[PDB]
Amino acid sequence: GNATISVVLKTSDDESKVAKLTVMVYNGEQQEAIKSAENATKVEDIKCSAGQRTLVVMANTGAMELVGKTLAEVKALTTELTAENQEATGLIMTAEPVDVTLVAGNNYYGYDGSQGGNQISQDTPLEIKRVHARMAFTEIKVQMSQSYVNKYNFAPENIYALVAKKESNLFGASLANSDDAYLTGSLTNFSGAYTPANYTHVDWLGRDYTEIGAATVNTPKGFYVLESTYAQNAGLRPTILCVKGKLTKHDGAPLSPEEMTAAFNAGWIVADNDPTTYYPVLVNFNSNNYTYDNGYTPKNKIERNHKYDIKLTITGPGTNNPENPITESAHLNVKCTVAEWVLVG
């Protein structure tokens, strides 16, 4: 113990906040020191020793055990999506391990130089980032095209996350990992093109949504999710944000039995006596009927630390299977605005 290191973080909807912060100091693979602080964006006066060391920084890790883990074990850590994540709790943040040289005495990472000692990354504090993303509606609007405007309307009931990847990694240039488990707020029996074999319903990936105007830029409605690469060997596995409700007559009255027969035969509603219909949006996906703001290019994946804000316009009937190929959802378009969170202090 002939050195100390102190580390300060870079600080500037429901933007990133640090509830707990842990700094680990590695001598090769072996953890030399670990120290945490609560409700702060720095950890200071960590006792260690001079030499080549690696700093690993994690925030909001809850009950995760970090003491004594090797560097390899820490870089292999995973997380699962949870109900509390949907309240923006437990939104883990990490920075990639960074290699430094500590000298005897006090060392500082990211400070302004006024402290003396050995200044590392002076005036360049450590940037940490969420591993989760958010997908949410900021508008749902019905604007039926000419063959549907005098026939149909839509009464919303719920919004859902479908084909949500259950776990991810926490470090690496891409966090999407080889586990094949997925979660949904809706049914596991759609047996569609996008339906994964390892699939579990969770109530907390659905929300009631009965007023069509509730979703706004100021009040987005959606879910937090983990990194997921859509192109898989078994088929496409896109993370989907979906609104579900009932297809109605244009003035809101219930469809007649003859109308429901036609709509069921067309694949739009669940049954000839069940006018339930779905409008799924493949998040961050490249499709002709999706546009992205300001020259952004969709990547066909969920990427960490991103907000995908979706304005959905319904222009005709939906589909009775939200895990059908996207081409079956022929009557909607999407305007998507993408942003990254920054840490606020």
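Residues carry their position along the shown sequence, with the first being 1.
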(request) Select one of none, 1 to 3, 4 to 9, or 10 or more to describe the deposited residues without coordinates separating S12 and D13. (result) 4 to 9
(request) Between 258 to 266 and 129 to 137, name whichever shows the higher mean Cα B factor according to the PDB entry. (result) 258 to 266
(request) Averaging the C-alpha B factors as listed in the entry, name the stretch that ends up higher: 292 to 300 or 59 to 67. (result) 292 to 300
(message) I'd like to know which of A253, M144, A155, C242 has the highest C-alpha temperature factor in the PDB entry.
(response) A253
(request) Name the one of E73, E80, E227, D180 with the greatest CA B-factor according to the PDB entry. (result) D180
(request) Report the third (lowest, middle or highest) to which the CA temperature factor of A88 belongs, ranking only the modelled residues of the same chain. (result) highest
(message) Splitting the chain's C-alpha B-factors into thirds, which one does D45 fall into?
(response) highest
(request) Within this chain's modelled residues, let me know which third the CA B factor of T22 belongs to: lowest, middle or highest. (result) lowest
(request) Check where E211 lands among this chain's C-alpha B-factors and tell me if it's the lowest, middle or highest third. (result) highest
(message) By the recorded C-alpha temperature factor, relative to the other modelled residues in its chain, which third is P97 in?
(response) lowest
